[PDB]
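Values reported hereafter were calculated over all heavy atoms of this structure, with side chains retained and with hydrogens, waters and symmetry mates removed. Proteins come first, then strands; the chains are lettered A, B, ... in the order of their sequence lines, and each starts at number 1.
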Number of protein chains: 2
Amino acid sequence: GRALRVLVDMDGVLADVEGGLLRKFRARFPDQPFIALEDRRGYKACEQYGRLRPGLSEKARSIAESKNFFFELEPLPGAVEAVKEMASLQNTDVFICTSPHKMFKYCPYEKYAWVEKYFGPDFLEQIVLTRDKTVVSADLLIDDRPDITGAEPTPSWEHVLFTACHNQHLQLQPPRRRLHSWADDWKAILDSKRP
Amino acid sequence: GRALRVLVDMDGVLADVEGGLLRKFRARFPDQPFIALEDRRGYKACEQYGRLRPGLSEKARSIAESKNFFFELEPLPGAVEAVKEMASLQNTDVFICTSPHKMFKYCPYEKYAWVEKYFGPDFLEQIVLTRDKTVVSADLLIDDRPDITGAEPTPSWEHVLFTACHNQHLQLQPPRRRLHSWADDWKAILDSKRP
Ligand SMILES: [Mg+2]
Ligand SMILES: [Mg+2]
Ligand code: NA
Ligand code: NA
């Protein structure tokens, strides 16, 4: 007491939503152009697909809306190991703070199931499902979305940007910070917020 | 700006979880003793069922864990009308802040579906699913659970206790407040927190 509280985003931070989208898009729509991971720009993949060719945004969306899309995402390298270690640290509380998106039949269930699979049943109590992360209080939010907005104009967390291909070239306004991958020094970031 | 932010609990505040539990329990287990609504005491119904007769807690739990339990709950009188009005007020942001419980196959989906049904698709973005309400920041939390605890020792909200049969006889520690039903003067409660 007090415990440092860290919110960890799920999509693109713990679960490889980009790789999953691209793989399943390519398999389901093999004759359509696609966006190679390195060429991704901007948080919303479907929007970029729409610019590639008309109709592709809805097809990209249909991949993400399909049963087992979220459940079958691969963990990002080091993600499960890092979050387990982080949660186990003294004076450190970790919550997985993630959006259900505009899709509720499968996505919430599958996100819970995915967390159960990789972190165990006891970690389910650490999940906060919300479209608005600004109303969740914490010391840190690790999330791959550059612009996080919502009902709270002054969120209590510092947003640390987790690198993803869609944001990796972005110049952030100082003093905004990055976590480059789970191999990067996340302990140093947490420690900088401690008493 | 700033908008007053109000968290409204779902079970026992918007949706009649007590009536639904009792009705479906009685229908599925007609030869078992039950707990009449007026005799409910303590937030956790299944725990009281367990004291009534051994094995009854697991049966009560099975009712709540069954498909369509949450979806088929009836709204409490005045609840949908009040929350719609509250959300429509100037400088007032409403979030439905509710637990998925220890059950994730049906409960999250059904809670989203229930909100869609009674409040419309656009209200889905106001849902926060969490087992820990203390990490959700707001001015007010209207919730029928007397004791709300979690990772944040000093939540930012004032907890206003929504009357339910299990809490109606409880003497609260001053200056804790109650909302007796949605017929009660909820506007006065909100107004007391405004600048
Ligand atoms: Mg993300
Ligand atoms: Mg409740
Ligand atoms: Na879905
Ligand atoms: Na369930």
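Per-residue counts of heavy-atom pairs under 4.5 Å with chain B were compared for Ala138(A), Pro153(A), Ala113(A), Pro155(A); the largest is that of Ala113(A). For the set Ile127(B), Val135(B), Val128(B), the count of heavy-atom pairs under 4.5 angstrom toward chain A peaks at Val135(B).
Taking hydrophobic clusters as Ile, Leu, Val, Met, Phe, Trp and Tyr residues chained together by side-chain heavy-atom distances below 4.5 Å, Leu22(A) shares a cluster with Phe70(A). Both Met103(B) and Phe123(A) are part of a single hydrophobic cluster, where members link through side-chain heavy atoms under 4.5 Å apart. Hydrophobic clustering of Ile, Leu, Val, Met, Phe, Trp and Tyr side chains at less than 4.5 Å, counting indirect connections, keeps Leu129(A) apart from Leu7(A). A single hydrophobic cluster is seen to contain both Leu89(A) and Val6(A), as judged by linkage of ILVMFWY side chains at heavy-atom distances under 4.5 Å, directly or through other members. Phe162(A) and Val160(A) fall within the same hydrophobic cluster, defined by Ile, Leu, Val, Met, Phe, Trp and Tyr side-chain heavy atoms under 4.5 Å apart, directly or through other members.
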Output the donor-acceptor atom pairs between chain B and chain A under 3.5 Å, with atom names and distances to 0.1 Å.
| unit_1 | atom_1 | unit_2 | atom_2 | d |
| --- | --- | --- | --- | --- |
| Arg2(B) | NH1 | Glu152(A) | OE1 | 3.4 |
| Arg2(B) | NH1 | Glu152(A) | OE2 | 2.8 |
| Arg2(B) | NH2 | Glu152(A) | OE1 | 2.8 |
| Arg5(B) | NH1 | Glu152(A) | OE1 | 3.1 |
| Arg5(B) | NH2 | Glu152(A) | OE1 | 3.1 |
| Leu129(B) | N | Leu129(A) | O | 2.9 |
| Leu129(B) | O | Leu129(A) | N | 2.9 |
| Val135(B) | O | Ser137(A) | N | 2.8 |
| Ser137(B) | N | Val135(A) | O | 2.8 |
| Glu152(B) | OE1 | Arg2(A) | NH1 | 3.4 |
| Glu152(B) | OE1 | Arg2(A) | NH2 | 2.8 |
| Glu152(B) | OE1 | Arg5(A) | NH1 | 3.1 |
| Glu152(B) | OE1 | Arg5(A) | NH2 | 3.1 |
| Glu152(B) | OE2 | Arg2(A) | NH1 | 2.8 |

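Contact of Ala3(A) with chain B is not made at all, since no heavy-atom distance falls under 4.5 Å.
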